[PDB]
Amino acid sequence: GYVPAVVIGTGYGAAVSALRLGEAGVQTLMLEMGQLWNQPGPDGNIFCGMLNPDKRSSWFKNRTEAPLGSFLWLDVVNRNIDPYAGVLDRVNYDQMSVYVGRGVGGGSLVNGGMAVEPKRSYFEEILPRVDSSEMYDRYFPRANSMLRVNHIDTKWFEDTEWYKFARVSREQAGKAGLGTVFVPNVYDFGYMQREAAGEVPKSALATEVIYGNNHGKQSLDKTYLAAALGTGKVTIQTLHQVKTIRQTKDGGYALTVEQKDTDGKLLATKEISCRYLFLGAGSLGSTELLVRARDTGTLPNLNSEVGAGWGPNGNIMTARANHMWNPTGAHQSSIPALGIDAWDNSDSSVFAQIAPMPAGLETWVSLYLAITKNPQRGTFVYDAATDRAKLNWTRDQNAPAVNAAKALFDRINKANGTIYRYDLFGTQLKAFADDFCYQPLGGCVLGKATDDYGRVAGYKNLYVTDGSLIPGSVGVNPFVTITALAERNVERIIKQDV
């Protein structure tokens, strides 16, 4: 049927767009290919933890996987599973694996909650056509309030066993002249204290994050999407995947939409049409819809920039072996709290998360997720034979990222007399994981595939709202930028177009 506005997906861009549309009185339907995560599973919890993965952990996989960095300790808990509409999807391309959330809330279900505004001078570099004053004066503050960003108590942080891992890396970094910063989060740190005191059910302190948090984490279903539903003008249909988009003869857009069950069985294919169409299917999903539409002739006036400009936000993972006198602890909160800020907008820039590990026993390992400045980009290109977007990225394109991460951590190793671990990512000696991404950015870049507000070039009333807009890098964990940019864009679109 017809609905005035459709939003594809229910991640950050989608959730912002739907809230503001509803508040503007536009009846809006959100279509989400994953589940609404609200039914208790066979253990009484909605989500599985990292030490007890089951089918809920994985989008249509036949075996669970260990969280990257953790295979040496967590492969022992892996099991064969039925393919199922689980919450975390590892999307494998020829030389890159991209991890994305699947469900109402998107990646907000599975992410580490780190809520960070980019450095203004870097924002100005990457998006020179955007007025940065509005962003820092209005839209970034609006996003941090709406998202429920909060800050860890410093006294508790300093005292608790659950953050010893972070304090160890702070001390080691300090010996190399590097400081750390507290990273704000959407996980409720007051709740986390009470977890440690035994007062409330544990989630972050019970090795949960990457397959969902049963408590504490204010994912988008609790913040923007709850508010959007509260407008009385928004509905969400789950297990509905948009497959094609065309521009109707009489105006507007029509979608082919597959309804599946949680085993993946096709139940129905529906046509749904609208006046205004907003894509919030993520860097991967929005870009795939648009290259498909261009290259199958259903949106033939899309430009050549659709598909281009993808990058993994410079993501590299590495680890250091601590001295025996610097144990990182058996008890590590699953929510990071500290990063190493060595980002100066130069090519040696690194913003590194001090990442917890879920082993649950002492391993002496310090794990890091580095965000770097690597100019290399990939392109999604339509494969008509399999009807999929393929990401043309090669592992050598991450060499500048590896090089930047290694130069920073080599300074830390030199100052402390420590070495890398080489065995955390496979049998081959490899200290740097360079073929994954948690933070995909680009494919429908703002100002190149779209105007400066996400209006898709060549079309009216067709909008992209999500990480596909970002030109491959923001220098920090991206969801606050996605959210703020979506606030800016939908406000303008409603004022001028709706």
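When you see a residue number, it is the position in the sequence shown, counting from 1.
Just going by the entry, 312-320 versus 423-431 on mean CA temperature factor gives the higher value to 423-431. Averaged over their C-alpha atoms, the temperature factors of 201-209 and 404-412 are higher for 404-412.
Taking only the listed residues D89, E288, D221, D341, the entry reports the highest CA temperature factor at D341. Sorting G103, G360, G113, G280 by the CA temperature factor given in the entry leaves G360 at the top. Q376: CA B factor lies in the middle third for its chain, per the PDB record. In this PDB entry, the Cα temperature factor of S304 sits in the top third of its chain's modelled residues, the highest group.
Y99: CA B factor lies in the lowest third for its chain, per the PDB record. Sort the modelled residues of the chain by CA B factor and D43 lands in the highest third. When the modelled residues of the chain are ordered by C-alpha B-factor, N150 sits in the middle third.
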